[PDB]
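What follows is a single chain, given as structure tokens, in the form deposited in one PDB entry.
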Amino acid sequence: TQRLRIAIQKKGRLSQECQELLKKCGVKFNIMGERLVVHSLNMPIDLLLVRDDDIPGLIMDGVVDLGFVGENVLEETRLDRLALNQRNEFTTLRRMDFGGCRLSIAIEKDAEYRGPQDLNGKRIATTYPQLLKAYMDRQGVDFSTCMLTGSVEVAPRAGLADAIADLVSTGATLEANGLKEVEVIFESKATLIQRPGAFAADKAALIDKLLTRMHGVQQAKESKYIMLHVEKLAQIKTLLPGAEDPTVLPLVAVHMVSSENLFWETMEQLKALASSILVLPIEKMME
């Protein structure tokens, strides 16, 4: 009567990473190419392959149960809706470790920027007018907008705007168009959100199972099994944060699980205190 409906961006780098995570969590399915409803083989789950821009909208209107989407698109649509008294409520279940990107202010290379107040009175081009307003209201700076749905980087050289606010990762497009990033106003990752309202306890249990699995996939990526050699224990313990007590062994030899990746800096700190520092990977876990 009702399977769990999950909205994923149809095509994009964000799509593969979302499909990959559902599969790493033991959700089996095949995309029957260009068909946009995908039925899970082994679980009572439907995938809807939609434009990312529509996903907050769908989640907010209860029309799907779960949704994978950029924090940037989500917050922009929430604000566009709050501006029209449209329902804008949802529950955030988990932040992904992917889809990273940032909304940044950019100006022409040949231009001085001491801070946000240097934009007071200038026109700014953006595809994220709401997130730009939120930032400039917070900095108390007045500006004009120039709304373009893309090719934002055109606007300054084209005499359309004094500056822009765009998504950025590399800065290739910026250099190409005579611009430099000068201010991060929003840092986004993908996020997994849930429609508002009540859930059948079966469907509740399913989402809980899925989430616990996602937690495990992340914890295995991050965590590491560390073995080292003597008798300077408590300081070493502090230098390697983790959940459980380290087991201390025979000839001292310490075995334990880090919660974070071991960095070179940390390894170097340990030699400065320790010897035979090993880090083994962890394929799978559940605390």
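We call the rigid core the largest set of C-alpha positions that still match within 1.5 Å between the two forms. The first residue of the sequence shown is number 1, and the count goes up from there.
Only in words, not in the display: the form deposited in another entry, which the text now covers.
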item	value
Of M43, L240, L58, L48, the one whose Cα moves 2 Å or more between this form and the one not shown after core superposition	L240
Rigid core superposition, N85 Cα moves 2 angstroms or more between this form and the one not shown	no
Threshold 2 Å Cα movement between this form and the one not shown for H215, core superposed	yes
Core-aligned C-alpha movement of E175 between this form and the one not shown reaching 2 Å	yes
Shift in CA distance, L93 and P241, in the other form relative to the form shown here, given it is 3 Å or more	farther
